[PDB]
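In structure tokens, the next block holds one chain alone, the form solved without ligand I3P.
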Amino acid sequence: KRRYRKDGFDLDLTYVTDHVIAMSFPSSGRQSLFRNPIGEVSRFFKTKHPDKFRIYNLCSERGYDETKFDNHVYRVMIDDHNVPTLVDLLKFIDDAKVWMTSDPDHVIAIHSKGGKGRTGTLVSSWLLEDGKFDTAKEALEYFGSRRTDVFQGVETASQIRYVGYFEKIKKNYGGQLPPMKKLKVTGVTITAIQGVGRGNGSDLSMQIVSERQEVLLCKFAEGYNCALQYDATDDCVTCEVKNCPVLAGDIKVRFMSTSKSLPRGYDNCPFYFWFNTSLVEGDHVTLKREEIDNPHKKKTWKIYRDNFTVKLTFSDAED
């Protein structure tokens, strides 16, 4: 188990490396799910790494008394089962890099609620930055082998994607954001639709979210900002998307259903994903089952079949 039971401490805490710690939330309130008493976590860092630690809180949902950590806490606002913006991810990387380069004995402790999904995203990103790994896949697998025992380390497909994005940023874009590409979504295509909701796209709606605001809503059956086509022969739906505003940066696409058959997973919906417009190649992005948030869980694999995919078609909106 990922339980630290050494030197008179008992904490949900992992040394991923000698200087990089992953842990769950340092709690003080009512006993709920995850349970690291903040007094003990603070005692740990003050005893084991005096004046040489920095704590990263990745929860958008909850802060705490940071003076328990002598005010050495940096917050990254990420929603549970979601991803940081690439802007925020790079910000974090730079902060950690400055901190770590200043003293070889400096440590960083990254936490979220469980110290799983969000924590794994930034831990694996840091490990790429520090050069321990050269691919996202290996960094993620390492986090999994050290902490979560999940094969790919993190909780969602978008989390996997975003560590991949960081790898691309380091390798192809000199550690900085790629040149911005502005896009409009003009279509969405979903394959292997039978058995998903009403099996014909009629139950489905799609919400596009940018900077924590809804920027487009499409309701398929109704033709609300769209025009649905169902082809039974190809077991797919094709939906023309109308009136999409110019999209830039990190975009969250959520699919909702009026269907009672289709279960909700993370993010209070059947399936969703994040992508970044600047890392889109060509005029589409296509995601397989394992690349979509919620269908990526094997528990859903008799609903989302092996050929379940979602494709967004884009137009260039640079002008």
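Start at 1 and count along the sequence shown; that's the residue number. Residues that one form lacks are left out of the comparison. The term rigid core refers to the maximal set of C-alpha atoms that superpose within 1.5 Å between the two forms.
The same protein also has a form deposited with ligand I3P bound, omitted here; what follows describes it.
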- [ ] Could you check which residue among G199, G187, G114, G164 gets a heavy atom within 4.5 Å of ligand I3P in the entry with it bound?
- [x] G114
Open item on the list: Exactly one residue in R62, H284, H49, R264 has a non-hydrogen atom within 4.5 Å of ligand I3P in the entry with it bound; which is it?
Closed with: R62
Open item on the list: So, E129 and ligand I3P: in the entry with it bound, are they within 4.5 Å at any heavy atom pair?
Closed with: no
Task: Heavy atom of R35 within 4.5 Å of ligand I3P in the entry with it bound - done: yes
- [ ] Indicate whether ligand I3P has at least one heavy atom within 4.5 Å of a heavy atom of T119 in the entry with it bound.
- [x] yes
Open item on the list: Please tell me whether any heavy atom belonging to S125 falls inside 4.5 Å of a heavy atom of ligand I3P, as the geometry stands in the entry with it bound.
Closed with: no
Open item on the list: So if I measure heavy atom distances to ligand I3P in the entry with it bound, which of the stretches 49 to 57, 274 to 282, 27 to 35, 255 to 263 falls within 4.5 Å?
Closed with: 27 to 35
TODO: Select from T67, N268, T47, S32 the only position whose Cα moves 2 Å or more between the shown form and the other one when the core is aligned.
DONE: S32
- [ ] Taking the shown form as the reference, report whether the CA atoms of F273 and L33 lie closer or farther apart in the entry with it bound; the distance changes by 3 angstroms or more.
- [x] farther
- [ ] Regarding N268 and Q31, go with closer or farther for their CA spacing in the entry with it bound versus this form, the difference being 3 Å or more.
- [x] farther
Task: Segments displaced between the shown form and the other one (3 or more residues, each Cα shift of 2 Å or more, core-superposed) - done: 29 to 34, 149 to 153
